[PDB]
Amino acid sequence: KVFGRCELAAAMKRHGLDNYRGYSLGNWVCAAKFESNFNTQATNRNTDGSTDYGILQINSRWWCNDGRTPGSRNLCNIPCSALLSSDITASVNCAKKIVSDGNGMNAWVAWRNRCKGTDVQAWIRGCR
Ligand SMILES: C[C@@H](O)CN1CCN(CC(=O)O)CCN(CC(=O)O)CCN(CC(=O)O)CC1
Ligand SMILES: C[C@@H](O)CN1CCN(CC(=O)O)CCN(CC(=O)O)CCN(CC(=O)O)CC1
Ligand SMILES: [Gd]
């Protein structure tokens with residue numbers, strides 16, 4: 001599924017992302033735009049063998065199992081493919097664990113370089 005901006009914002013809000021660990025909703029929508037272009041099916045391979053999956057490009061090194069990343073962990077206890085679903089529940093729940101780990105949203109490289117320090121509110125402007 002490729003989400004619309006406001007559609008995604010409302011889904012994210014429903015699952016408790018607005019102000020989660022102090023990050024306003026516009027930060028999350030911003031990150032998803034530049035991580036995946038709002039597409040739940042996005043995948044990107046990294047140089048070390050691991051792969052990033054879903055709207056928030058969660059990495060198979062630590063967070064999910066894809067059966068081809070040897071010596072990796074599965075801290076969200078899910079198949080990586082579950083992160084490619086039209087239903088973003090699993091993505092959201094795993095992201096809650098990541099942003100809680102000490103590093104905040106800096107774990108998302110595109111957020112740090114393209115969203116941090118900017119007017120993130122603009123990403124939910126117009127939405128009901
Ligand atoms: C609602 C309109 O905005 C839709 N839009 C009409 C044409 N736009 C006009 C404009 O955005 O100023 C110019 C191109 N637009 C540039 C951009 O947005 O960054 C990229 C494509 N957009 C992506 C998007 O807008 O979500 C879809 C089509
Ligand atoms: C041409 C317009 O698109 C200009 N736009 C500024 C005003 N936009 C208007 C809108 O997107 O409706 C609202 C904010 N916009 C939300 C979003 O893009 O999803 C984030 C910043 N955009 C990033 C981008 O467009 O890729 C920069 C250029
Ligand atoms: Gd824009």
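Across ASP101, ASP52, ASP87, mean-square fluctuation computed from a Gaussian network of the chain (C-alpha pairs under 10 Å connected) peaks at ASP101.
Charged side chains reduced to their Cβ positions (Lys and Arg at +1, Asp and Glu at -1) give the stretch 27-99 a dipole of some 140 debye around its Cα centre. Net charge in the neighbourhood of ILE124 (other residues with Cβ under 12 Å of its Cβ; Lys, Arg +1, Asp, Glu -1) is +2. Taking a ≥ b ≥ c as the square roots of the eigenvalues of the Cα gyration tensor of the chain, is the shape rounded (a/c under 1.5), prolate (a/b larger than b/c) or oblate? Note, shape of the chain comes out prolate. Counting only DSSP H runs of at least 4 residues, each contributing -39500 (n - 2.57), and dividing by the residue count of the chain, the helix-based mean residue ellipticity at 222 nm comes to -9000 deg cm²/dmol.
Across the stretch 7-24, computed HN-Hα scalar couplings (Karplus, 6.51 cos²θ - 1.76 cosθ + 1.60, θ = phi - 60°) run 3, 5, 3, 5, 4, 4, 4, 4, 8, x, 7, 4, 6, 6, 6, x, 9, 4 Hz from first to last residue, x flagging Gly and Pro. A simple spin-label model places pseudo-atoms 7 Å from Cα toward Cβ; at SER81 and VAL2 they are separated by 2.4 nm.
A simple charge model with +1 on the Cβ of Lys and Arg, -1 on the Cβ of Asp and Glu and nothing else charged puts the dipole of the chain at about 200 debye relative to its Cα centre. Maximal additional length on extending the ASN113-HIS15 stretch stands at 32.7 nm, based on 0.36 nm per residue less the C-alpha distance. The stretch between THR47 and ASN93, if pulled fully straight at 0.36 nm per residue, gains 13.9 nm over its current Cα-Cα span. Between the amide H of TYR23 and any residue lying 5 or more places away or on another chain, no distance stays under 5 Å, with hydrogens modeled in the peptide plane. Karplus-based coupling profile of the stretch 104-110, in residue order and whole Hz: x, 7, 4, 4, 9, 4, 5, with θ = phi - 60° in 6.51 cos²θ - 1.76 cosθ + 1.60 and x standing for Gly or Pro. Charge tally around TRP111: other residues with Cβ under 12 Å, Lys/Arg +1 each, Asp/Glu -1 each, net +3. Candidates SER100, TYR23, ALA90 compared by Cα position along the dipole of the chain: farthest toward the positive end lies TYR23, with charges placed on Cβ.
Taking other C-beta atoms within 10 Å as the exposure proxy, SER86, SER36 rank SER86, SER36 from fewest upward. Hey, what did the chain get for relative contact order, percent, Cα under 8 Å, at least 6 apart? Taking the mean separation of contacting Cα pairs over the length of the chain, I get 27 percent. With θ taken as phi - 60° and the Karplus curve 6.51 cos²θ - 1.76 cosθ + 1.60 applied, the whole-hertz 3J(HN,Hα) list for the stretch 69-75 is 10, x, x, 9, 9, 9, 5 Hz, x standing for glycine and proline.
For neighbour counting, all protein chains shown are included, and Cβ atoms are generated from backbone atoms with ideal geometry for every residue, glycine included. Every read-out reported here was derived from the displayed coordinates using simple, explicitly stated rules and does not represent laboratory data.
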